[PDB]
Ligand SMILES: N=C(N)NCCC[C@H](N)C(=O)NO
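Shown next as structure tokens: one chain only, the form solved without the ligand.
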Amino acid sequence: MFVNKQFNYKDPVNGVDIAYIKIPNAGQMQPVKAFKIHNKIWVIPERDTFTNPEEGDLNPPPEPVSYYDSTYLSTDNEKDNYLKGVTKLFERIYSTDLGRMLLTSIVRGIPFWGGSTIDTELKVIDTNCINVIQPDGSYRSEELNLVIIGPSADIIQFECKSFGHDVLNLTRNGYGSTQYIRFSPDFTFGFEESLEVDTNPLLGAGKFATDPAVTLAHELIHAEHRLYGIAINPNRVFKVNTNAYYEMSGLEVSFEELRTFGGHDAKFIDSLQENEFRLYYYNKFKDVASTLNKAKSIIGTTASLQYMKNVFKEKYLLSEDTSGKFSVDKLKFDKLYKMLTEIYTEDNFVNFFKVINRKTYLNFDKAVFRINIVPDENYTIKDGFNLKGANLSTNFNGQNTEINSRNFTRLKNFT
């Protein structure tokens, strides 16, 4: 349903949902084959050597939790598997009510059209589009919200990447920007069942495997914060004082990560700072409402001013008065803000998937495993690794790398 058609890496390009594309702001690059799996969402089965200029080399840089393999995702078979793996994960996520809500929010989360220097003109920002090569060879500029792409040099460094603006802080000013998620459905992390063990850097080999659907959901949640322009400034961190090994090393974790995980982790952000951020972003939305009201012109005859004004009215859940003037209703703002920051959390997704998972973001990496979720015999949209009939359905046996040994190959231990 979420991905209505089957995609094969070798399917011929049609210039519509299967095409060679170029990422603007990415400098000079060769067109790469991409697949549009859903409205506003694309997948590029390639290692990411375009978003960051100084990150085009896949070989292990000079001399930590990291894993390198310059050959991963270099063959057509691997790219086909990557595409099928990612599509499958989106479907697993969409199969839950929470995931359906999240993906709906992501599609509705179009980056704001605030690219004009004139306050009466509404214009798209080039950081939020890709250039799509058409059958006739010409290019077609297309707006999009999300792009799933292969990892860069460090295979296990999953993260959101987005292009910046000269002056605008798009991921924190309420505007939002297109997010490129480096991710792989072909590897997963190992964790320990015991809290005392999982949060200790010297113990555990990583007996249980993280369900990659949770990992992708985690990145999607993080991406949606950036899409709605309410990501917490990275300089806002928590000087961990709840873990003796974190304090010992003076390690710090950004509020953004704690918020994304949810559960008890989010409670580390004290009430004052919580209100501070909410007030801040409430004001940013008011700014978007004013800009819309001040808009009398629009660029790009792909839609009318009335249409786009309404698109953002929906995205930001703004209120329109009798005169057709937009404003931000505190109740509505608080509702949307809470949905994006408290309802969509890693902890809540675990409850929906019914999988075993780390209990806190404040733990220690144990290991990385190679996996293959494409075959139904190994992983299904409905149960992940814990197959219904199989003897893998209970006690999370499917995620148990010792019992379900054939589905996991430990590549590196971090403990």
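Start at 1 with the first residue shown and count on from there.
The same protein also exists as the form deposited with the ligand bound; that form is not shown, yet it is the one meant from here on.
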Proximity to the ligand in the bound PDB entry (heavy atom, within 4.5 Å), stretch among 127-135, 71-79, 155-163, 100-108
155-163
224, 265 and 347 each touching the ligand in the bound PDB entry (heavy atom, 4.5 Å)
no
Among the candidate residues 281, 189, 246, 238, which is the single one with a non-hydrogen atom no more than 4.5 Å from the ligand in the bound PDB entry?
189
Which one, 218, 309, 172, 92, lies within 4.5 Å of the ligand in the bound PDB entry by heavy atoms?
218
Residue 48 versus the ligand, in the bound PDB entry: is there a non-hydrogen atom within 4.5 Å?
no
Indicate whether the ligand has at least one heavy atom within 4.5 Å of a heavy atom of residue 257 in the bound PDB entry.
yes
